[PDB]
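One chain is shown next in C-alpha cells, namely the form solved without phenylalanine (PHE).
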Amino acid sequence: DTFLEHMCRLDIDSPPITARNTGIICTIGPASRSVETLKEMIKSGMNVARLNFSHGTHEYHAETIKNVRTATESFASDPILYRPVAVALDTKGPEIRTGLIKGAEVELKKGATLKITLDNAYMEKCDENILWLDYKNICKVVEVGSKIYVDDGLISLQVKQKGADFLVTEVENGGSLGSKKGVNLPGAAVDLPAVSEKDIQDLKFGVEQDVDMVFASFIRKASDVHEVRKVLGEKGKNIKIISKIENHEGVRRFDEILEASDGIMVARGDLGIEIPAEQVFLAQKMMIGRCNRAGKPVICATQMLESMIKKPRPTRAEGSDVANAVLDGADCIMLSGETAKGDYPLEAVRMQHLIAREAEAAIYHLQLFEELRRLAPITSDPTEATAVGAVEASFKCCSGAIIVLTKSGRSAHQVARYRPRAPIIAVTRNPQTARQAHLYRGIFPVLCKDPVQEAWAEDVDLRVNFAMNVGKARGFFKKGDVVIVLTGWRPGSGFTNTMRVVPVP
C-alpha cells in the first residue's frame, strides 16, 4: 500500500505470468543475419530487427531485410502462432570517425603528443603520432583546452594548439587506438547537418524497402525531426520516427523533440560521452517518464547485456539494468553488439526475455495506474474513455488478456499507455500496424487474413475467436478465464467505443 511496503513484499518464489510485455529490439549483423539464426531469434523473442546504416551498402541491407522477412514468413503457415516482426532503419547521422591505421593497433600513452589532421593523405596512415578524421570543420568549432573523445570515449585528447587544418593535442586518457572509431566533441557546437546527403538516400531507401520505423540519430531539436519527416514525405507518412537522444542538447530540448517524434530512443552510448556518465540514469528516467506521460513509445538502449558479447551469462549489473529499465517504464529494450557480432546472440535475447518478464511482475501496477490517470486529460474521445475503462476492468477481474480489434492500432496504443498487467492482444488486418505495434509495451500483435464479413457482427466474432485461440495456444489464459474485448460499433469507424467482459469459451 506504499512504495516501501511494496518492495518489502516482493518475493522470488512468485512466478511471473507467461506473457512478456516489453518489446525486444535486436541489432542484426554478421552473427545474426542468416535465415536460420533469424528464425531462432524470433522464437527466442525478437520483436524488432534494427538495421544500422552507419555501416554497409544498400545491397547489403536489402539482403538483410529479405532474410528477416524470409525467417518471419516461415511461421506464416499458422496465423495463430505467427509473430509479426518489425524492420527498423537506424540512420548514420552526423557521425565523426577515424581514420584507417597505418598497417597492429597503435598504443596511446598518457602525457604523449598526438596531432589531428584533415589532410586526406593520412586517412589510411593513422598512428601514434598523427590522426585523421572526416569532419571538415573541426578546426573552427574547437578551441584550446577542449576535450576530444575517440572509441566510445575510452580515449580522451586535450587540445593544445589550433590551426587552419590541424590540431595538436595531448593524450589525457590513453589506450589502444583502432581504425574507424567514433569521435565525440562534448563541449563543441557541431556544424554537421542532422540529415546529410547520405541520410536522405538511406531514408528514401527505407521507404523503398517498406521499413516500419526509422531511428533518427543525433536529433538535437524539433527541426531535425521535421527534416526527417519531410524526407520520408507522402509515401513514407506512416513510417514511425523514433528520435535518438544522444547529446546534451537533445536531453535539454527533449520536450519539443518528443512532440515532433512518434517515439524516443534513449541512446545511452553516445549520451554517456556527450554527458558525464553518472548523469545518464537521470536522463533515462526523465525521458522514460515524459514518454509514459505523453503515451509515446520509449526505447532503452546500449550495453544492457554488454558482457554477453563474449560470455553466455550476463553480469549482475547487466541483469539489474534491464530490470530497472522495465521498472522505469520502457516500452522496448535493445541489444546491439550482443546480437550483431557477439558470440551468444540467442542467449542475449532469451536473457532479456526472462528479465523483462520478471521485472513487469514487480511493477506496482495500481500506483502506476493512479499516476497515469491523474495526468490523463478529459476528452470526449470514445476510444480514450474505453481504453481506461478496459484497463481498470482488467484489474477488477484479473483479466487473462485485453483483446483489441483495431485497424490503425490507436485503441491498442491507448490501452498500453495505462500499463495493464494482462497482455494486449491486438487483432488487425493491417500488416504494418501489426509490425509497428511492437513499439508499445504489452501489445501482442496478431495478424488476421480472413476475408471481411458483410455482417459486421460475425466479422467481430471471427476476429475475437481468433484472439481466443491465440491466447490459449500461447498460454495466456484458458477455459473459464475472463478477458476484455474492445471493438467498434459499426465498420468504417475510426473509433473503438465498445467494451466487453467475456468468459473464455
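Residue positions are given as counts along the sequence shown, with the first one as 1.
In the deposited sequence, the stretch from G103 to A104 hides 1 to 3 residues that have no coordinates. Relative to its counterpart among 365-373 and 270-278, 365-373 has the higher mean temperature factor, C-alpha atoms as listed in the PDB entry.
The mean C-alpha temperature factor is higher for 238-246 when 333-341 and 238-246 are set side by side. Per the PDB entry, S146 shows the highest C-alpha temperature factor of the residues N324, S399, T315, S146. By the numbers in the PDB entry, the CA B factor is greatest at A188 among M304, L354, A385, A188. Split the chain's modelled residues into thirds by C-alpha temperature factor. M499 is in the middle one. In this PDB entry, the Cα temperature factor of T113 sits in the top third of its chain's modelled residues, the highest group. Sort the chain's modelled residues by C-alpha temperature factor and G163 lands in the highest third, per the entry. Ranked against the other modelled residues of its chain, the C-alpha B-factor of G488 as given in the entry falls in the highest third. Split the chain's modelled residues into thirds by C-alpha temperature factor. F477 is in the middle one.
Omitted from view is the form deposited with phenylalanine (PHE) bound, to which the following refers.
Comparing 30-38, 436-444, 465-473, 58-66 against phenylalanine (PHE) in the deposited bound form, the single stretch with non-hydrogen atoms within 4.5 angstroms of it is 436-444. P423 is the sole member of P423, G236, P94, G319 with a non-hydrogen atom within 4.5 Å of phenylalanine (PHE) in the deposited bound form. This chain is displayed alone, yet in the deposited bound form one of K240, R83, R220, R417 has a heavy atom within 4.5 Å of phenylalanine (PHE); that residue is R83. Of all the residues from 1-36, those having a non-hydrogen atom no more than 4.5 Å from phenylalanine (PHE) in the deposited bound form are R20, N21, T22.
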